[PDB]
Amino acid sequence: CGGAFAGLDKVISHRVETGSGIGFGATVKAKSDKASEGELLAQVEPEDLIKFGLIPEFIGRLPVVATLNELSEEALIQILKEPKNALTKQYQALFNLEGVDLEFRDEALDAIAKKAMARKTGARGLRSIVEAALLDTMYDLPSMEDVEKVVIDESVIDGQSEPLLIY
Amino acid sequence: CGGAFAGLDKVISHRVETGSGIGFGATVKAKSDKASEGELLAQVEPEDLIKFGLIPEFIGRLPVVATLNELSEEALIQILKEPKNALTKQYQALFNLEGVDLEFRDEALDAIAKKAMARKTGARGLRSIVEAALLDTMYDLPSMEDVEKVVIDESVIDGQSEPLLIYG
Amino acid sequence: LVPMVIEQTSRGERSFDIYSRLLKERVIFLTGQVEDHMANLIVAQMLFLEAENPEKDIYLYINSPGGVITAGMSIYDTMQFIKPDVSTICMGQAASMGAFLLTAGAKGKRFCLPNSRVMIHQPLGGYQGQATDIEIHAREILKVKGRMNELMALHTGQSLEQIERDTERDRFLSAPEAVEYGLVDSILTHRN
Amino acid sequence: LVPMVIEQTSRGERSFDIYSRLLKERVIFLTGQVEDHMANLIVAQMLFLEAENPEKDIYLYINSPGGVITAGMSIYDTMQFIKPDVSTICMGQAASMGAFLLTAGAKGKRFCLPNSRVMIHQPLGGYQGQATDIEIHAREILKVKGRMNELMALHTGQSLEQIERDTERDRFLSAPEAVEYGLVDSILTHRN
Amino acid sequence: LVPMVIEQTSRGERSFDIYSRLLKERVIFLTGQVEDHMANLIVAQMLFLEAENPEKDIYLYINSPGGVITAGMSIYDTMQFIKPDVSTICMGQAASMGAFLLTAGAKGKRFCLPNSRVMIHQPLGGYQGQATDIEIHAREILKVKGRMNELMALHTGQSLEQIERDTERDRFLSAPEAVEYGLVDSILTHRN
Amino acid sequence: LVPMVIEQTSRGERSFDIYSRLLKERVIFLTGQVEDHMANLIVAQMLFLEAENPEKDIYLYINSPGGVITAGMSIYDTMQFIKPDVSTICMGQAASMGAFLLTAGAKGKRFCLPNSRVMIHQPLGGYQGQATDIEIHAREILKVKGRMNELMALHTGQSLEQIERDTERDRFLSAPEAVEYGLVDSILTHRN
Amino acid sequence: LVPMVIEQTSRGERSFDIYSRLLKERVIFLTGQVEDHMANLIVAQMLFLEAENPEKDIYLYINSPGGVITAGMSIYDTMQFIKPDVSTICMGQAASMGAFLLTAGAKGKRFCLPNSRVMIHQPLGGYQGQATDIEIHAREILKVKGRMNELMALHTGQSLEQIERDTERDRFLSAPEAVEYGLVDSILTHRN
Amino acid sequence: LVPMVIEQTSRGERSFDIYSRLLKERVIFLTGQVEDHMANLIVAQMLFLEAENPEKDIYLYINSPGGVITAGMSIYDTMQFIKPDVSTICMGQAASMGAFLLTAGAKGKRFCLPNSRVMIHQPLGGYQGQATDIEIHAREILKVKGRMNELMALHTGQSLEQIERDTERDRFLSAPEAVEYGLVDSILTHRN
Amino acid sequence: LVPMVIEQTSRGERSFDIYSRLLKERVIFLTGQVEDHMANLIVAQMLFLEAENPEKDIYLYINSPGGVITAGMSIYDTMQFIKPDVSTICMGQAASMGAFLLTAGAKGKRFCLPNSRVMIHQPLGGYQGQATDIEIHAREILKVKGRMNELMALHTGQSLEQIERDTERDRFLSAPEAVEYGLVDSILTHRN
C-alpha cells in the first residue's frame with residue numbers, strides 16, 4: 001500500500017516538535033527550524049497515524065514503513081539523462097525516425113527545473129514546459145527538409161529566441 | 001464470535017467512575033486513580049454492550065464472555081522463544097538455507113519490548129522493530145561470502161552501532 | 001478588542017481568544033479592580049482546572065490596584081481548599097488585596113518581577129447613621145484587620161506584632177525587599 | 001469578557017462558556033445584587049436541571065450584597081417546591097436576602113467558607129404620600145418582617161423571639177458562629 | 001449574560017439559550033416593567049405556540065412591578081382570543097397590571113407561590129395643558145378604571161362594587177388571601 | 001434578548017429569531033415610536049414580501065404611540081402601491097399616525113382588539129426664527145393637516161367636514177365606536 | 001434589531017439580513033442624517049455593484065432630513081462618475097441635501113411618491129473668531145451656495161436666476177409640483 | 001450597521017462585510033477624525049497588503065476633517081517606507097492633515113473629485129503651566145510646522161517660502177486649483 | 001470596526017481580524033494610553049509567540065502618548081525575560097513610558113521613523129492626606145525616578161548624570177538626534 005498523506009507532517013510535527021507550555025515557568029523547546037519533509041516523515045510511528053485517522057489494527061498488518069525523500073532541483077536534471085525513460089530520450093527517438101538529431105544542453109535543463117518547482121507540480125508536470133517550447137519546431141518539422149540537427153538553448157525556454165536548426 | 005471492540009473503555013469508565021467532579025464536594029482523581037484498560041474489560045457486562053451498539057437479543061445467544069489482557073514486557077520475551085512459530089525462529093530458518101547462523105541475545109529482547117509497547121499495536125507491531133533494524137544487513141547479506149554467523153546486540157536495535165558479522 | 005489565535009492540533013485547526021488559549025495551560029489573569037463579578041469569574045476558572053487535572057500547578061498573574069475585600073477572600077479560600085499548588089506572579093503592581101493573594105500562593109512557587117511593586121495598608125471603610133450602627137460596623141472591620149494580619153503572618157512567616165506596625169499606613173516594598181520579607185521566594189529575571 | 005472552554009466528548013469537541021460548563025454539572029452562580037432579571041434567570045436554571053435529573057443534588061454558590069426582597073422570595077419558594085436538594089455555599093458575603101437563601105438550602109448540605117461573612121438585618125423601605133397610604137405600606141412591610149422571621153426560625157431552629165431581637169439591627173456572624181447558630185451545617189476547610 | 005444549554009435530540013446536538021429552551025416547552029417569562037417592546041415580544045411567542053400546537057396548555061410566569069396599561073391589555077386580549085388555556089403563575093410580585101394578567105388566565109390553572117404577593121390599585125396618569133384637554137384625558141382614564149374593574153370581577157367572581165372599594169387605594173394580598181378572593185385556584189407548595 | 005426557535009423542514013433544522021419566523025409568514029411588527037430608522041426598516045420588509053408572493057395577504061400588527069409624520073407617510077404610500085392587501089390590526093394603542101396607517105389598510109381586512117384604543121389629534125410642530133420663516137412652516141403644516149384629513153375621510157368614508165371637527169383636539173375612540181365610525185371592519189374577539 | 005431572511009438558491013439555503021438582501025438586487029438605503037460615516041458606507045455599496053454588473057440600473061431610496069454638505073457631495077460625484085444609471089426615489093422626506101441627490105439621478109429614472117415632500121433652502125453655517133477668519137469662511141460657504149445652485153439648475157433644467165430666488169428661504173414642493181419643476185420625471189402611484 | 005455581501009468564487013460562497021471586500025482589492029478607507037486608534041488601524045491594513053503583494057498599487061480614499069498630527073504622520077511615514085505606490089483620492093473634504101497625506105501619495109497616481117475641497121492651515125495647539133514649559137512646547141510645534149512645510153513643498157513642487165505664506169491662515173483650494181498647485185495630478189470627472 | 005481578512009492556506013480558507021493576522025507574523029501593536037488592561041493584553045501576546053517560536057524576532061510598533069508607569073514596567077520586564085529579541089519601532093510619538101519600552105528593545109534592532117518624535121520627562125504623581133503619608137508616597141516616586149534613570153542609561157549608554165539633567169523637564173528628540181543619543185540604532189527611511 002502506498003500514497004501521499006496531505007497534512008500528516010503537521011500532525012507528526014506538532015507531536016514530535018514540542019515539550020513546552022505557554023506560561024512563564026514552563027521551559028520553551030527550540031525546534032522545527034526547517035520544514036524537513038523528508039527527514040520528518042522518517043520519524044513517523046504508528047501512534048502518529050492514529051491521530052491522522054488510520055486504525056491501529058490496519059497498521060499492524062503493515063509493519064514495514066518507507067519514507068520517500070522529495071524531489072530536488074538537481075535531481076530533476078539527473079532524471080532527464082540517466083534513466084532510459086527520460087523525456088529527452090523519448091523526443092530524441094521521436095526525431096530519429098525522421099533522420100534528424102536532437103540535443104539538450106545543461107543551460108536549458110537547469111532552467112526547466114526552476115520552472116517546475118515554481119509550479120509546485122513535481123516531475124509529472126515537467127512535460128508542459130518542454131512541449132510548450134518545441135510546439136512551433138515540431139509543427140513545421142515534417143515539411144522542413146535537409147535538416148539534420150536541432151539545438152535548444154536557454155533563451156528558447158524563455159521564448160525570446162527560437163531553437164537553432166542545422167541544415 | 002470475536003472482535004476487538006474499539007472505544008469500549010470510554011463507556012465502561014462512566015459506569016465505574018460515577019462522577020465528573022467539577023463541584024466542591026465531588027472528588028477528583030484525574031490520573032492517580034485513572035482506570036487501567038486491562039482491568040476495565042474484566043468488569044464488562046451485557047448492559048455495557050447495548051450502549052456500544054449490540055442488541056440484547058444478540059448477546060443473549062452468547063452468554064459466555066472471554067476478556068484478554070494486554071501484552072506485557074515479560075510476555076513479549078516469551079513469545080520470541082517458547083512458540084515454535086516465533087519471529088526469531090522464522091529469520092533463523094530464513095538464513096539457514098543461505099548457510100548462515102542467526103543469534104538473538106537477551107539484551108536485545110528487552111529493548112524490543114519497550115519499543116513495541118509504545119507503538120500500541122501488540123504482537124503484530126513487532127516485525128516493524130526487527131525488519132527496520134536488519135534492513136541494511138539483509139540488503140548486503142547475499143553478496144557477502146564466507147559469513148557463517150550473525151550476532152545482534154542491544155545497540156543494533158537502538159541504531160547506534162551495526163550488527164557484528166562472523167567469518168568462517 | 002481581543003486578538004484571536006489558532007491552536008494547531010491533530011484533529012484540525014481551532015480558533016481561540018488570547019485569554020482562553022492561556023487558560024488551557026492552567027494560566028489565569030487577574031486584571032483591574034477586584035469586585036464580585038471579576039472574582040466570581042476567576043473561581044470558575046480554578047474549579048475547571050481542578051477537574052481537568054488536580055496534580056498540575058496553576059499560575060496566577062496579578063496586576064491589580066486592589067478593591068473589595070470580601071470579593072478577594074473568596075479567591076484566597078479557594079486556593080487553599082483545592083489540592084493543586086497555585087503559583088502567583090506579580091506584574092506591575094500588587095495592592096493590599098492583590099498582595100494578600102500573592103503571598104497566599106504555594107510556598108516555593110511565588111515570584112515577583114525585578115521591577116514589580118507591592119503596596120500594603122489597612123482595610124478602608126466608612127458608615128453614616130446612628131451611633132449604635134457605627135459601633136457595629138467598626139467592630140466588624142476591626143475583626144477583618146486582625147484576621148487579615150494573622151493570615152499575612154502565616155504565609156510571610158513574620159510575627160503578628162510586626163505586621164500590625166507595618167500595615168498601620170501605606171508601605172511600598174520593592175522586588176528585592178519582598179524576598180527578604182518572606183512575601184515571595186525568588187525573582188524571575190531571565191529565562192534559564 | 002467570559003473565557004471559553006472545550007468539553008471533550010465522544011461525539012466531538014464543543015465550545016462552552018465558563019458559566020455554561022458548570023451549569024451542565026448542576027451548578028448555579030448567584031452574583032451581585034438580587035433583582036428581577038437576575039432572579040428570573042436562576043429560576044429557569046433550576047427548572048431545567050429538575051427535568052434533566054430529579055435525583056441529583058444542585059449546588060448554589062452565593063456571593064451577593066442582597067437586593068430586592070420580592071425577587072429573592074421567588075427563588076426560595078422554587079427551591080422548596082422542587083424535589084432535588086439545593087446545596088448552598090457562601091462565598092465572600094451573604095447579606096439579608098443572601099443569608100435567607102443560604103439557610104433555606106437542604107438540611108445537611110449547607111456550608112460556609114472559613115473566611116466567609118454573613119450579615120442579617122430587617123427589611124428596608126419607604127414611601128411618600130398621604131397618611132392613609134403610609135399606613136398601608138407600613139402594615140405590608142411589617143407582615144414581611146414577621147414572615148421573614150418565621151421562616152428563618154424554621155430552618156435555623158431558633159425561636160421566633162430570638163430572631164426578632166437579633167434582626168433589630170445589623171448583626172455580622174463569622175463562619176464558626178454560623179454553625180453554632182444553626183444557619184449552616186459545617187465548613188469546607190480542605191478537600192479530603 | 002445568558003447561559004447556554006445542550007438539548008440532546010435524535011437529529012444531533014443543538015445549543016440553546018436558557019430562555020429559548022423553555023419556550024420549546026410552552027413556557028414564557030414576563031419579567032420587569034410592562035412596556036411596548038417587552039409586551040410585543042410576548043405576543044409573538046404566544047402566536048408561535050398556537051400554530052405549533054393548539055391543544056397544549058401554555059404556562060406564563062409573571063414577576064413584574066407593573067407598567068403601561070395599553071401594553072398589558074394587548075396580552076390580555078391575546079390570551080382570551082387564542083384557544084389554548086394560558087396557565088398563569090405568580091413569582092415574587094404581581095402589581096396592578098401584573099395581577100390583571102394573572103387572574104385573566106384559564107379557570108382552574110391559576111397558581112400563586114406560597115410567599116408571592118399581589119398588589120392592586122387604580123390607574124395612574126396625568127396631563128398638563130388647557131382645561132378642555134384635561135377633561136378629555138380625565139374621561140378616558142375614567143373609562144379604563146371602570147373597564148378594568150368590570151373584567152376583574154368577571155374572572156375573580158366578586159361584585160363590581162367590591163372591586164371599586166378595594167381598588168380605591170393600594171391593597172396588598174398575601175398568597176392565602178388570593179385563593180379566598182377568587183384571584184387564583186390553589187398554591188403550589190411542593191411537587192407531588 | 002430575542003428567543004430563538006427551530007422551524008422543522010424537510011431539508012433540515014434551521015434556527016430563527018421570533019421576529020424573523022413571523023416574517024416568513026407575511027407578518028410585520030410595528031413597535032414603538034415611528035421614526036426614520038424604524039419606518040425605513042418596515043418598507044424593506046414589505047418589498048421583500050411582495051417579491052416572494054404578490055397574491056398573499058400581509059398582516060400588520062401596530063402597537064405604537066405615534067411619532068414623526070414624514071416617517072409614517074412612507075409606509076402609507078407603500079401599502080397602497082403594492083398589489084397585496086395589507087391587513088392591519090391594532091394592539092394596545094394606535095395614536096394619530098398609528099391610526100392613519102390602521103385605517104389605510106385594505107377595506108374589509110381591518111380589525112381592532114376588544115380592549116384596544118385609538119387616539120386622533122392634529123399634527124404637532126413648531127419653529128423658532130424670523131416671522132417670514134414662521135409663515136412658511138405654518139403654511140406647510142397646514143397643508144399636511146388638510147391632506148391627512150382628506151385621506152382619513154377616503155378610507156373611513158366620513159365627510160371632510162366631520163374629520164376636521166373631530167381632529168381639532170384629542171379624541172379617543174373605543175373598539176366598538178371605531179366600527180361605527182368606519183375606521184375598522186370588525187373585532188377579533190375569539191377564534192372561530 | 002434586523003430581521004433575517006432566507007434566499008432559496010440552487011446551491012443551498014443562506015440566511016441574510018433584510019438590508020443585505022436588497023443590496024444583492026442593486027438597492028441602497030439612505031436613512032437618517034447625512035454624515036461622514038453614513039455617506040462613506042453608501043459609496044462602498046455603489047462601487048461593489050459596479051464591479052458585479054456595470055450595465056444594470058441602480059436604485060437609491062432616500063428618506064433623510066439632510067445633514068452635512070461635504071458628506072453628500074461625495075455621493076453626487078460618485079453617481080456621475082460610474083457608468084450605471086443611479087435611479088433615485090423619495091420616501092417620506094427629502095431635505096436640501098437629500099433633494100440634491102434626488103435630482104442628481106439619471107434623467108428619466110427619477111420618481112417621487114404621491115405623498116412625499118421635498119424641501120430646499122440655502123447652506124447653513126457659522127464661525128467664531130477674528131474678523132479675518134470670518135471673511136474666509138464666509139467666502140467659502142458662498143461658493144458652495146453658488147455651486148449647489150449651478151448643479152441644481154443643470155439637472156432640474158431651470159435657470160440659475162430661478163434657483164437663486166427659490167433657494168433664498170425654505171421652499172416645500174409637493175409631489176405634483178416636483179414633476180412640473182423638473183426635479184423628477186413621474187410618480188409611482190400604483191404598480192402596473 | 002454594515003451590509004453583508006456574497007463574493008462568488010469557484011471554491012464556494014463566502015460572506016464579507018462591505019469594508020472587508022474592498023480591502024481584498026487593496027482599498028483602504030480613511031473616515032472621520034484622525035486619532036491614534038483610527039490611524040493605527042489603517043497602518044495594519046497597509047502592512048497586510050505589503051506581505052500579500054508588494055508590487056500592486058494601493059488605493060486610499062480620504063474623507064476626513066483632520067485631527068491629531070502625530071496620528072497622521074504614522075501613516076505618511078508608512079506609505080513612504082513600503083514599496084507599493086499608495087494612490088490617494090479625496091472624497092468630500094481634505095483638511096490640514098488629510099491634505100498632507102493626499103499630496104504624499106505616489107506621483108502621478110493622485111486624484112481629486114470634481115467637487116472635492118481641500119483646506120490647509122497651520123498646526124494648532126496650546127499649553128497651560130509655567131513659562132519655561134510653554135517655551136519648550138512652543139519650540140516643538142514650531143519644528144513640526146517647519147517640517148510639515150518642507151515635505152509639502154517636496155511633493156507639491158512649490159517653494160518653501162510659498163508654503164509658509166499660504167499656510168499662515170486657512171486656505172481653501174478647489175479641485176481645479178489643486179492640479180495647478182501640484183497637490184494632485186488630474187481629476188476623475190467621468191469613468192472612461 | 002475592524003476589517004476581516006482571509007488567510008489562504010493549503011488546508012482551506014480561514015477568516016481573521018486585521019490585528020490577529022499580523023500577530024501570526026510576530027507583530028504586536030501598542031496603541032493609546034498604557035493602562036492595566038491594555039498592558040496585560042500585550043503580555044499575553046508575547047508569551048504566546050515565545051512558545052510558538054523562541055528563535056524568531058518579535059516586532060513591536062509603538063504609537064502612544066504614555067500612561068501609567070506600573071502598567072508599562074510589566075512589559076519591560078517581560079521583554080528582557082523572554083529569549084527572543086523584541087524589536088521596537090516608533091510610529092507617530094513616544095512619550096516617557098513609550099520611550100522606555102522603545103529603548104528597552106534588543107540592541108541593534110531598534111528603529112525610529114524619519115518623522116517620529118520622542119519625548120521624555122520625569123514621573124508624575126500626587127497625593128492628598130496627612131503629611132506622614134505624603135512623605136511615604138514621595139519617597140516611593142523618588143525611587144521610581146531613580147530606577148527609571150538607571151535603566152535608561154543602561155540601554156541608551158549615556159551616563160546616569162546626563163539622564164538626570166535631561167529628564168528634569170520635557171525634552172523632545174527628533175529622529176536623527178535619537179540615533180546620536182543611543183536611544184535607537186538606525187532609521188527605516190526606505191525598504192531595501
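Residues numbered from 1 in each chain as written, not as in the entry; some residues may be left out. Chains lettered and ligands numbered in written order. Part of a larger assembly, values for the part shown. Heavy atoms only, no water.

As recorded in the entry header, the structure was determined using cryo-EM to a resolution of 4.12 Å.

Draft legend 1. Representation of the overall build of chain C. Check the secondary structure of chain C and you find seven helices and nine strands. Projected onto its principal axes, the C-alpha coordinates of chain C cover approximately 65 × 40 × 30 Å. Looking at chain C as a whole, 59% of its 192 residues are labelled buried. A separation of at least 24 residues holds for 64% of the contacts in chain C among residues at least 6 apart in sequence. On chain C, roughly 8,000 Å² of surface is accessible, and the fraction owed to carbon and sulfur atoms is 49%. When the 19 positive and 24 negative side-chain charges of chain C are each reduced to one mean point, those points stand 5 Å apart. (Helix = DSSP H or I, 4+ residues; strand = E, 2+ residues; numbered from the N terminus. Buried < 20%, exposed > 50% of the residue type's maximum accessible area, 1.4 Å probe, protein only. Contact = heavy atoms within 4.5 Å. Areas by Shrake-Rupley, 256 points an atom, 1.4 Å probe, with all protein chains shown as cover. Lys, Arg positive; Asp, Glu negative; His and termini not counted. Charge placed at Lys NZ, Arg CZ, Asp CG, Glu CD.)

Draft legend 2. Examining the pairing of strand β2 (residues 13-17) of chain F more closely. Sheet topology places strand β1 (residues 4-8) of chain F next to β2(F); five bridges connect them, and they run antiparallel. Paired with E7(F) across the strands is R14(F), a residue of β2(F). (Pairing = 2+ DSSP bridges.)

Draft legend 3. Representation of the sheet that holds strand β3 (residues 164-166) of chain A in the model. Residue and element names in this part refer to chain A. Overall, mixed pairing links the three strands, which are arranged β1-β2-β3 in an open sheet. What marks the edges here is a single partner per strand, and that holds for β1 (101-102) and β3. With three bridges connecting them, strand β2 (residues 149-151) and β3 associate as antiparallel partners. Note that in β3 the partner of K149 across the bridge is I166.

Draft legend 4. Layout of the nonpolar core. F24(B), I28(C), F100(C), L101(C), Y61(D), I89(D) and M91(D) are the most contacted members of the largest nonpolar core, which totals 64 residues. Counting residues in hydrophobic clusters, the runner-up holds 63 residues, among them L60(I), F81(I), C90(I) and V184(I). (Core = buried A, V, L, I, M, F, W, Y, C linked by side-chain atoms within 4.5 Å.)

Draft legend 5. How the structure looks around the packing of helix α3 (residues 69-81) of chain I against helix α4 (residues 96-103) of chain I. Residue and element names in this part refer to chain I. Running from N to C, α3 and α4 cross one another at 5°; their axes reach a closest spacing of 10 Å. If you check the angle between α3 and α4, you find them roughly parallel. Touching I69, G72, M73, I75, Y76 and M79 of α3 are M97, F100 and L101, all from α4. Residues that form the contact of α3 with α4 fall into these classes: eight nonpolar, one polar and no charged. (Axes fitted to C-alpha atoms, helices over the stretch in contact; angles between N-to-C directions. Parallel < 35°, antiparallel > 145°, perpendicular 65-115°, else oblique. Nonpolar A, V, L, I, M, F, W, Y, C, P; charged D, E, K, R; others polar.)

Draft legend 6. Representation of the relation of the copies chain E and chain F in the model. In screw terms, the move from chain E to chain F is a rotation of 52° and a rise of 0.1 Å along the axis, fitting with an RMSD of 0.1 Å. A share of only 3% of interface residues in chain E that are also interface residues in chain F marks the association as one of differing surfaces. (Least-squares fit on C-alpha atoms.)

Draft legend 7. Structural detail: the pairing of strand β4 (residues 58-64) of chain I. Residues and elements named next belong to chain I. Burial of β4 is extensive: six of the seven residues sit out of reach of the surface. Bridge analysis of strand β3 (residues 27-31) against β4 gives five bridges, and the strand direction is parallel. Counted as the bridge partner of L30 is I62 from β4. The pairing of β4 with strand β5 (residues 86-94) spans six bridges and is parallel. Paired with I58 across the bridge in β5 is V86.

Draft legend 8. Structural context of the side chain of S87(G). All names here are of chain G. On the secondary structure map, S87 appears in strand β5 (residues 86-94). Within polar-contact distance, the side chain of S87 engages the backbone oxygen of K109 at 2.8 Å. Not counting residues within four places of it along the chain, the set of residues in contact with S87 comprises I58, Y59, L60, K109 and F111. (Polar contact = N/O pair within 3.5 Å; in protein donor to acceptor, adjacent residues only side chain to side chain.)

Draft legend 9. Inspection of the interface of chain I and chain H at higher detail. Residue-level contacts link 32 residues of chain I with 34 residues of chain H. For the salt bridge of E50(H) with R191(I), the shortest nitrogen-to-oxygen distance reads 2.8 Å. Where the side of chain I that touches chain H is concerned, the elements lending two or more residues are β1 (4-8), α1 (18-23), β3, β4 and β5 of chain I. Classifying every residue of the side of chain I that touches chain H by side-chain character gives 16 nonpolar, ten polar and six charged. (Salt bridge = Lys/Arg side-chain N within 4 Å of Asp/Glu carboxyl O.)

Draft legend 10. Structural context of helix α3 (residues 69-81) of chain C. An ideal rise of 1.5 Å per residue puts 18 Å on 13 residues; α3(C) measures up with 19 Å between its terminal C-alpha atoms. Burial in α3(C) covers these residues: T70(C), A71(C), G72(C), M73(C), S74(C), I75(C), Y76(C), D77(C), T78(C), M79(C) and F81(C). The inward-facing, buried residues of α3(C) abut α2 (36-52), β5 (86-94), α4 (96-103) and α5 (131-156) of chain C together with β5 (86-94) and β7 (117-120) of chain D. (Expected span 1.5 Å × (residues − 1).)

Draft legend 11. A look at the pattern of salt bridges. Applying the stated criterion to the full structure yields 99 salt bridges over all chains. For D57(E), the salt bridge is made with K109(E), and the minimal N-O distance between the two is 2.9 Å. Remark: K109(E) occurs in the loop between α4 (96-103) and β6 (110-112) and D57(E) occurs in the loop between α2 (36-52) and β4 (58-64); sequence separation between them is 52 residues. Judged by its relative accessible area of 24%, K109(E) is partly exposed. Here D85(E) ties to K109(E) by a salt bridge, and the two come within 2.9 Å at their closest N and O atoms. With a gap of 24 residues between them, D85(E) in the loop between α3 (69-81) and β5 (86-94) and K109(E) in the loop between α4 and β6 connect regions that are remote in the sequence. Exposure remark for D85(E): the relative accessible area of 34% places this residue in the partly exposed category. Through salt bridges with shared partners, a single ionic network connects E7(C), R21(C), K24(C) and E25(C).

Draft legend 12. Local environment of the relation of the copies chain I and chain H. The transform that puts chain I on chain H rotates by 51° and translates by 0.1 Å along the axis, for an RMSD of 0.2 Å. Take the interface residues of chain I: only 6% of them recur as interface residues in chain H, which is what a contact between different surfaces looks like.

Draft legend 13. Highlighting the packing of α4(E) against helix α5 (residues 131-156) of chain E. Residues and elements named next belong to chain E. The contact between α4 and α5 brings their axes to 9 Å, and the two run at 40°. Comparing the axis directions of α4 and α5 gives the class oblique. Two packed elements cross with a definite hand, and for α4 against α5 that hand is left-handed. When α4 is examined against α5, the residues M97, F100 and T103 are found in contact with a partner set consisting of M148, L151, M152, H155 and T156. (Left-handed = near helix turned anticlockwise from the far one by under 90°.)

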